[PDB]
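In this chain, numbering begins with 1 at the start of the sequence shown. Computed over heavy atoms, backbone and side chain alike; hydrogens, waters and symmetry mates excluded. Indexing begins at 1, ligand by ligand and atom by atom, following the structure's order.
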Amino acid sequence: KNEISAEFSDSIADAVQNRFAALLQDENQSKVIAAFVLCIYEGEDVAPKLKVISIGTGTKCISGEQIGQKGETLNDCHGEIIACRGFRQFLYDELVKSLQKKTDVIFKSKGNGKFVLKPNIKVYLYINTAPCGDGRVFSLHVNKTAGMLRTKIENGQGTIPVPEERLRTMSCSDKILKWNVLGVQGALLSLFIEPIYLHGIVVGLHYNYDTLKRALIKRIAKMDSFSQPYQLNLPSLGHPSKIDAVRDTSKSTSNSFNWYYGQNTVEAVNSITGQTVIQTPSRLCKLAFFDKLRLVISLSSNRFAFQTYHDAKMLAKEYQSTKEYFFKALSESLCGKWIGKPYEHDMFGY
Ligand SMILES: O=P(O)(O)O[C@H]1[C@@H](OP(=O)(O)O)[C@@H](OP(=O)(O)O)[C@@H](OP(=O)(O)O)[C@@H](OP(=O)(O)O)[C@@H]1OP(=O)(O)O
Ligand SMILES: [Cl-]
Ligand SMILES: [Zn+2]
């Protein structure tokens, strides 16, 4: 089976609820809430400390219309993706600290140049509702569309199978499946740290163990032929007991909120524009990551030669080759072909 207990899922959901209330001024118009949660063991005999590292909300993404090409526009403002981006920023900040040789850090050195997450720290993903895409498809083991890659529709609201409307965004279920192959950290961070994999995933509304197992973990049921430190991650799946309530009333908001550890402030993003509500680039946009990367580069003792963001990502050779094998495994298993943006979106510099 491999299901988190109700008590522990409620523990995770409770901590997310408490942090959310501490950040947002009394008003709940957010429909999708996600978070990344650290579970920190002091010893393995006592209960762990739970620490909410990032929060995202949102239900929408950009049309090709508003997409910029300076990396100043958020492509995807679904709360789960926004939560991951914030967690990535956290990883960067922690990586800096480790490079400035601080002690209060989640990383230790691995004797290959690259940091590894301390083994007493476990990462959990929480979402108050099943992720869009395959994770909301309920089918028995006997099925057309079950298991397929899906793309987000009409600025986020809805997913449909990949073409088997120009260049679209993959569903949250497919992105989480990807994170369980390549880690949550992305190409760039993998230059400096070993892949960080989710230990567990806690899902509220529309939970079904078998659906989420297929969607997020065991979809290809092949892969293997993996090269350490990459593997098929098998996180446990959990469901909390109570939920804030479905509320499909009227319509969803275009606002997407984010917070992550070490920020004093909640940033509010217009999901239709991919930028802040004061027409500025988000602290989570590609360009903000690219700034962080060079910060990191200057504190590193290595040199890095790349013209663009795109080229920098291609430096992560282990990640990129596992990514390519993953995409092929999906196509071979008849899950469809991944739709990735064209390279020119990432061909910017600074
Ligand atoms: O693998 P990563 O380092 O995490 O880069 C990914 C990713 O991959 P590629 O670098 O392989 O293109 C996505 O791009 P596509 O799969 O669409 O090509 C992009 O997803 P979106 O285009 O849907 O935004 C995603 O960002 P997200 O957090 O939105 O999932 C993020 O790119 P960045 O970290 O560079 O933004
Ligand atoms: Cl929302
Ligand atoms: Zn989604």
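In terms of protein heavy-atom proximity, atom 11 (O) of ligand 1 is closest to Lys323 NZ, 2.5 Å. Counting protein heavy atoms only, atom 3 (O) of ligand 1 is closest to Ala187 N, 2.8 Å. Summary of contacts: the protein heavy atom closest to atom 12 (O) of ligand 1 is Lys313 NZ, 4.5 Å. From the protein, the heavy atom lying nearest to atom 29 (O) of ligand 1 is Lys175 NZ, 3.3 Å. When only non-hydrogen protein atoms are considered, atom 1 (O) of ligand 1 lies nearest to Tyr319 OH, 2.5 Å.
Contacts with ligand 1 closer than 4.0 Å are made by side-chain heavy atoms of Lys286 only, the backbone lying farther away. If you look at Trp338 next to ligand 1, the close heavy atoms, those under 4.0 Å, all belong to the side chain. Counting heavy atoms under 4.0 Å from ligand 1, residue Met170 does not touch it at all. Contacts of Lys178 with ligand 1, taken as heavy-atom pairs under 4.0 Å, involve the side chain alone.
Counting non-hydrogen atoms of neighbouring residues, nucleotides and ligands closer than 6.0 angstrom, the CD atom of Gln69 reaches no more than 12 such neighbours.
Listed for the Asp76 side chain is no donor-acceptor partner under 3.5 Å among the backbone atoms of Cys61. Remark: side-chain polar atoms of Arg85 are paired, donor with acceptor, to backbone N or O of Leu284 under 3.5 angstrom. Remark: the backbone N or O of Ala146 is not paired with any side-chain donor or acceptor of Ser139 at under 3.5 angstrom.
Close approach of ligand 1 to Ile81 is summarised as follows: ligand atoms under 4.0 Å from at least one heavy atom of the residue are 27 (P), 28 (O), 29 (O), 30 (O). Of all atoms in ligand 1, listed by their number and element, those nearer than 4.0 Å to a heavy atom of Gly340 are 15 (P), 16 (O), 17 (O), 18 (O). Near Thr169, with a cut-off below 4.0 Å to any heavy atom, the atoms of ligand 1 are 23 (O).
Both the sub-6.0 Å distance and the 45° axial angle are not jointly satisfied by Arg136 relative to the ring of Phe138.
Residues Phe20 and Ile243 are members of one and the same hydrophobic cluster, defined by side-chain heavy-atom contacts under 4.5 angstrom among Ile, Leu, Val, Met, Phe, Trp and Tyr.
The presence of a protein heavy atom under 4.0 Å from atom 19 (C) of ligand 1 is ruled out. Distance check on atom 14 (O) of ligand 1: every protein heavy atom falls at or beyond the 4.0 Å cut-off.
Residue nearest to atom 25 (C) of ligand 1, selected from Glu80, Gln185, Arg85, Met314: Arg85 (by heavy-atom distance).
At a threshold of 4.5 Å between non-hydrogen side-chain atoms, the residues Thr322 and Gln231 do not count as touching. Put simply, the side chain of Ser173 reaches to within 4.5 Å of the side chain of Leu216, judged on heavy atoms.
In this structure, the ring of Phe348 has its center less than 6.0 angstrom from the ring center of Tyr309.
Proximity of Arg88 to ligand 1 is established by a heavy-atom distance of less than 4.0 Å.
In plain terms, the two heavy atoms of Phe306 and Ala312 that are nearest each other are CB-N, 3.7 Å. Counting all heavy atoms, side chain and backbone alike, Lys60 lies closest to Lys251 at NZ-NZ, 3.5 Å.
With the Zn ion (ligand 3) as the vertex, ND1 of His78 and SG of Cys132 span 110° to the nearest 10°.
Any N or O atom pair closer than 3.5 Å counts here, and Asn75 shares at least one such pair with ligand 1. By the 3.5 Å distance cut-off applied to N or O atoms, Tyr309 is counted among the residues near ligand 1.
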